[PDB]
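With PDB author numbering applied, the sequence shown covers 1 to 249, 253 to 305.
Note that the Cβ used here is the ideal one computed from N, Cα and C, for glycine as well.
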Amino acid sequence: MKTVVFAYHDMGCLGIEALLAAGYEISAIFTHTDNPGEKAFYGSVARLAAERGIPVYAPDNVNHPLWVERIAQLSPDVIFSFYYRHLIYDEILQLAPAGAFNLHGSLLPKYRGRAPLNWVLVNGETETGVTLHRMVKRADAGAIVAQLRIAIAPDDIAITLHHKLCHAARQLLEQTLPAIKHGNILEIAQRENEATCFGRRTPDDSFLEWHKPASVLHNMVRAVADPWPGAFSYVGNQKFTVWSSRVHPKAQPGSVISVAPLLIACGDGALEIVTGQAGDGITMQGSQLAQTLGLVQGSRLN
Ligand SMILES: N[C@H]1CO[C@H](OP(=O)(O)OP(=O)(O)OC[C@H]2O[C@@H](n3ccc(=O)[nH]c3=O)[C@H](O)[C@@H]2O)[C@H](O)[C@H]1O
Ligand SMILES: Cc1ccc(/N=C/[C@@H]2CNC3=NC(N)=NC(=O)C3N2C=O)cc1
């Protein structure tokens, strides 16, 4: 079976890895260029393809006609997206007779959209999953071919959850790809009244507002802990990042209760800044972070 593939990130790499094991011919892979703001810790889909002799591109707009045209000539039987970031129109999606699929890290139709890895940790979800589905004009909405559910633990952060999502993702593809290759899918439409959609995330989305409950602020620390861009606050004009934290069950919110442990009063309870860095400084424990910041007992953040 012949395939053209749209992939990036660790999921991109495992997807391609799974396609090749299961015995497909990946005729070409589309991907993206890396960006300076996003710590690139993950597998490179472009290195993967080169490694295996597959043609690889990263056009900013795959939906431009010339690209539609090169894709149509490759005669993809099936189309696979694994963690690609832009929409692929119905023109490219129609070109595959056996159809097109996407692999997505959520219990669809919950957490459609972007960065569900991170969104579920922000919202303090106790479980999540991986879904493989028909890829249609409308984002993350086509019929579900398979789904594997996995539990989020309280001590989990973005990096630990991501490796569980990838582990789950590879299994899903072992449990799915032969069936797709042979012509044997139970696809079920997604239930629209259950659906949720969460949008694009930026570093600025992890600003810490200390009027919130601590466990809310703690779940933001967890959702973008390193290698994500880190939840942050300010001391004066000084930005500083909270890399890891701990909820500790009469100081007003955003006030430094103690500086060792470095403990900030929130709206409800208190959050311990276990580790953090000031501006572009090195990472340190919280007691040291205070000293560098000039924080004292009773200091006010924004
Ligand atoms: N099917 C979806 C599955 O999740 C992917 O998320 P993504 O890989 O993070 O990619 P993206 O949404 O584009 O977001 C990444 C950008 O967003 C930044 N980001 C991501 C999460 C977050 O919590 N904060 C943040 O700033 C990253 O640093 C980077 O700049 C894709 O959204 C879809 O493929
Ligand atoms: C705002 C936004 C923008 C893009 C997006 N997902 C893009 C990604 C990549 N390309 C896709 N192509 C198609 N035709 N359908 C999909 O569901 C797609 N996606 C599914 O993960 C999700 C939300």
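Item, Value
"Nearest-angstrom beta carbon gap, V122 and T128 [assumed within contact, 8 Å]", "Wrong, their Cβ atoms sit about 12 Å apart, outside the cutoff."
"beta-carbon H9 near ligand 1 non-hydrogen atom, thresh 7 Å", "yes"
"Straight-line Cα distance separating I157 from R70", "41 Å"
"Near ligand 1: residue 252 beta-carbon under 7 Å from a heavy atom", "One cannot assign coordinates to residue 252, given that the chain in this structure leaps from 249 to 253."
"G113 - partner residues in DSSP beta bridges", "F198"
"Nearest residue (CA-CA) to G43, options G53, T31, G37", "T31"
"Of the residues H167, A273, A40, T176, the one placed nearest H9, counting alpha carbons only", "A40"
"Cut-off 6 Å between Cβ atoms - residues of its own chain near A293, not counting five sequence neighbours on either side", "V262, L265"
"Cut-off 7 Å between Cβ atoms - residues of its own chain near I185, not counting five sequence neighbours on either side", "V145, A179"
"Among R222, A72, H211, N61, the one whose alpha carbon lies nearest that of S244", "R222"
"Three-pair Cβ contact test at 8 Å for the segment 167–181 versus the segment 268–277", "no"
"Terminal residues of the beta strand (DSSP E) in which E192 lies", "Element bounds for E192: n/a, residue is neither H nor E."
"Cα-Cα separation, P76 to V68", "12 Å"
"When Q288, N118, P213, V130 are compared against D205, the one with the closest alpha-carbon", "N118"
"Short Cβ contact (8 Å threshold) for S27 with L103", "no"
"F6 CB to nearest heavy atom of ligand 3 below 7 Å", "This structure simply doesn't include ligand 3; it includes ligand 1 and ligand 2 instead."
"Check: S81 C-beta below 7 Å from any heavy atom of ligand 2", "yes"
"8 Å contact criterion, which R112 and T33 should meet: CB distance rounded", "The Cβ separation is near 25 Å, so there is no contact."
"Of the residues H218, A254, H182, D283, the one placed nearest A98, counting alpha carbons only", "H182"
"Inter-stretch contact (C-beta, 8 Å, three-pair minimum) for the segment 206–226 and the segment 132–151", "no"
"Candidates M135, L304, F198, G105, of which the one nearest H163 by Cα", "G105"
"Top-ranked residue by Cα proximity to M1, from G279, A96, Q288", "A96"
"Beta-carbon gap between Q255 and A281 smaller than 8 Å", "no"
"Inter-residue spacing [alpha-carbon to alpha-carbon] between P203 and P55", "33 Å"
"Simplified DSSP state of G257, which is helix, strand or coil", "coil"
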